[PDB]
Each structure stands twice: as C-alpha cells, then as structure tokens.
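The chain below stands alone and is given in structure tokens; this is the form deposited in one PDB entry.
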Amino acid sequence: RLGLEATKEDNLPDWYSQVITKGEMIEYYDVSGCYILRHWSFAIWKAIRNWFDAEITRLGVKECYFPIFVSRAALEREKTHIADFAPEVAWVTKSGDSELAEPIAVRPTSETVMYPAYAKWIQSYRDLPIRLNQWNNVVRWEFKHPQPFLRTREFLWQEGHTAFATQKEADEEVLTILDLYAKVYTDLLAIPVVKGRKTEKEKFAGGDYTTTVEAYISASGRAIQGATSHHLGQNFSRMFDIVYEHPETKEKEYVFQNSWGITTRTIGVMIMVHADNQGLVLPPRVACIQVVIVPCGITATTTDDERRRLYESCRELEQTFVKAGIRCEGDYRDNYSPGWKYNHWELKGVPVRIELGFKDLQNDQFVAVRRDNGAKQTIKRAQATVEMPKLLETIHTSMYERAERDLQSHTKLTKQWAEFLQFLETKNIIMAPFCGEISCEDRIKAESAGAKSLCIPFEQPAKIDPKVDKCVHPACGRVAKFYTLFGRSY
C-alpha cells in the first residue's frame, strides 16, 4: 500500500517529507522548527554517536554534562560573538507565572559555560590537557525556513572542548577529529566529502582557523557543511584567563584550545544523497536492520503448521545472522502479505531483504535482494554466514562510489569568471583561484545572484603559478592565494 507520491527531481521538498514520514523516520510537531525523531532514524544517530564516541574515548577524551541553562552573564560577559547571534537565543523568563529576576538562556553551544570551568580546573601545569565532550541538545532560534534534519531549531550534537599546553598538541587534535568526521561521512554514511579550511569569512568568528568537511546535495543543487573542527588557539584562553605557571618560565601561560562538533544534520544529508524515488536507502553500517527476512509463499490458505514451519526456519536463519554479528530481524506479522512487507521495508530502506519461502527452504537456500539495485542473488543456506558480509560490504561500496561519481560530475574548475557563473547556473560547485580577502568573497557572493566559499581544499587541484594566476573575481586584482570551492549554500 503506502508509497511515495512525489519524485526527487521535480518536487524535492514534498519528496523529502514523503520519504521521512512514509519511511517512519519523523513525525511533525506543534512547535515550529522541532521534529520528533522516531526510532527508525534515532537508530541512525545512535550508530553515528556510538562509533564516534568509542573513537574519541580511545583517544583519551572524556564524557561530561553541563546544564541546559546558561546565565545572562555567562552568555554576555566577554562576548564570544555579539555578532548577529544574540537574536537567535531562546530565553526563559518566567517560572509558571512568576517572572524571574535575571533571565536564563537555553544553550546554543557551551563555550561560555565550559571555559570558566576550565579556568577553575587548571590551577597548575599538571592539570593539562583537558579533553571533555558532551552529547547534548542545543537550541538556535534560527529565522529561516525549517526542515527536519537540516535546519532545525532544537537538535542533538556532540561538542568537544579541549585545552593543551602546546600549539602542536592542538593542531594535531584538530586534524585527528577531522579525520574521524570524514570517516563518519564516508565509511558509515557512504557519502563523499571535501576536507578543507574555512576562508576567513566562513571561519568560526572566534577561532584562529576552522577546518571542515563539506558535502554537496546535487538534487537540490546546494552544498552543506557536514562537520567542523576549530582551532581556537589562544583567543578564548586569553578571554577567560585560562592560565598556568610555566614550569620553567615564571610568566603566566595561556592554554591552546580546540572545539569540534557534529550534528544530526548528517542524517538529512544521508537522505538527500541516498534515498531514491521508492523511498529510503540506508547505508549498511548505520541501518538498525541491515537484513530483513520476509517469509514468502504464504497464500490466503497457507496453513498454520506450514506457516509455523516456515516461520521457524526463518527464525533460525535470523539467529545465525545475529550470531554472525549482522543485524537481522524477521517479519512474522500475520496480517500483512509478503508483498506488503517488501514495499514496507523498501520504504524503510533496509540494505537487504531476504525472500525465503517454502520452495527456497526445500532447496536449502534463499534469495537476497538489494535495496539500492533491486539486484537478486540466490545463496545456498550454508554459505549464508560468509556471503552476507561480502554483500553488505559490496552494497556500501556501490552507494559510496555512486555518490562520489555524482560529486565529481558536479565539481567544475575554472579560472574565468564567466565560466564560473555558467557552471554555477548549471547547478554545480566550482573550484577557482581566490585571493582569500573578505571583500572579494563578498563581491563574489553578491555578483552570482549567490555563491559562498565552501572550503580551501586540502587536496588542491594545482599549485597556483603566480606568473599568471589572479583571483577569479575581476574587481580584485590580487594574485590568487589558492584554489577555493564556491557554490550555492544551505
């Protein structure tokens, strides 16, 4: 029965709403900007969270929890960014019917609370480094048009905050966290990305520099930051008097800080990239169910003893899949036809469906069907334990390389501004030589109406030969500092 009524290419938003609802991944909510994560998508987040947490604790980071409320003073004292952020802050100002003396803010991030804590907690050189992480929820009252995973007012993330004695420690951590974020996207979500440094405009305002992983959703034609990992350097230490006495040098020494974060926006990217016109398509490594066994060949008058015999062999296959470490469940609901179940689990996006009927068990075998391809492969029951991991391996690769192919089909390089704007009009992203200065990024953005910097990619396409190369914008005559990636932004 249930099915997608729209298509990715013609009506992307209604397609997206149909895939997150009929994929049982989201329920809408009477508070705007906020969405119910039903269990089918929360398991995606749970896999991402668990994987990344295991990584950063193996690294020596530790898990903590600061309160959801922040003082007006914690917030505004020594402002990180008066910026244009203060409007986006959710303010509690009444208990029941009693208004409170000073109002308290729901956290948008925890710098202004965790940095005073670090100032207390570091009274000597011996107390360093501090590597603390929280898995928490934040609220940003963002005046834009909201969407389930991509622009939400409350969302889950993890924020890691770190303080070291040396800048070398801090630099290397920034890159180790970025490698793990990159792994979240490629190895778990089968999504390709570009590692880079934000330009001076797009960097976190308070940081020394800001690294990032950036991805592209081509169906929409827009690019999106997938995760970031900042090097604050000494800015916040000097702000918050996070100091120790140098063991040799008698003089006060400020610590070197990093912060890094990744949000549930990841899941939205996963949809936009991998979900097709029949519904969701889950990367095998985050799917709550990797393999679903639908017992087939049950007619309106299949008998309870026949039904039970088949159900029982299905549970035995499901069990030897669990014991092989792969996440398999069987669907034994009696008020649903085999075909109804095929369509159900297709909408839900399970990498593999197993059709096992009476004719299959009589030949001691089964059929496996890929959610991405529709490709069917008959496996002898014996080879199950060895064939099914290969398959799930294969499925990931196909999902990934397909996605990367699309990304490379939507990355065009030019040194000429006209070819830049042609490429941008044709719905893709452009590596071009950029002076790096903020004014020129502004002129570029205005004059593509718009196109923002994405990152200065780590893998540069070529080294700028200064005898020739000038920044792609004709109004600045600055020689090109590097290749930068520009595109229309989310």
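Note that the rigid core is defined as the largest set of C-alphas that superpose within 1.5 Å between two forms. One rule holds for the numbers: they count along the sequence shown, beginning at 1.
Missing residues, deposited sequence, between residue 449 and residue 450 (class: none, 1 to 3, 4 to 9, 10 or more): Going from residue 449 to residue 450, the model skips 10 or more residues of the deposited sequence.
Between the two ranges 467 to 475 and 17 to 25, the one averaging a larger CA B factor in the entry: Result: 467 to 475.
Stretch with the greater mean C-alpha B-factor as recorded in the entry, comparing 184 to 192 against 409 to 417: Result of the comparison: 409 to 417.
Hey, out of 263, 394, 225, 362, whose CA B-factor is highest in the deposited coordinates? The listed residue with the largest C-alpha B-factor is 362.
What third of the chain does residue 30 rank in for C-alpha temperature factor, lowest, middle or highest? For residue 30, whose C-alpha B-factor we compare with every modelled residue in the chain, the answer is the middle third.
Hey, what third does residue 437 fall into on Cα B-factor, ranked over its chain? Highest third of the chain for residue 437's C-alpha B-factor.
Third of the chain's Cα B-factor distribution that residue 424 belongs to, per the entry: Highest third.
Sorting the chain's modelled residues by C-alpha B-factor, tell me whether residue 461 ends up in the lowest, middle or highest third. Highest third, going by the recorded CA B-factors of the chain.
According to the PDB entry, is the CA B factor of residue 255 in the bottom, middle or top third of its chain, that is, lowest, middle or highest? Middle third.
FYI, the form deposited in another entry isn't displayed, but the following is about it.
If you fit the rigid core and then compare C-alpha positions between this form and the one not shown, only one of 360, 159, 169, 372 moves by 2 Å or more. Name it. The listed residue whose C-alpha shifts by at least 2 Å is 360.
Using a rigid core alignment, state whether the CA of residue 102 is displaced by 2 Å or more between this form and the one not shown. Superposed on the core, residue 102 moves its C-alpha less than 2 Å between this form and the one not shown.
Please check if residue 205 moves between this form and the one not shown, taking a CA shift of 2 Å or more relative to the superposed core as movement. No, the C-alpha position differs by under 2 Å between this form and the one not shown.
Core aligned, does the CA of residue 92 move at least 2 Å between this form and the one not shown? No, because once the rigid core is superposed, the C-alpha of residue 92 moves less than 2 Å between this form and the one not shown.
Residue pair residue 198, residue 82 - Cα distance in that other deposited form, closer or farther (3 Å or more): So the answer is farther.
Relative to what we see here, could you say if residue 112 and residue 84 have their Cα atoms closer or farther apart in that other deposited form, with a change of 3 Å or more? Closer together, which means the C-alphas of residue 112 and residue 84 are at least 3 Å nearer in that other deposited form.
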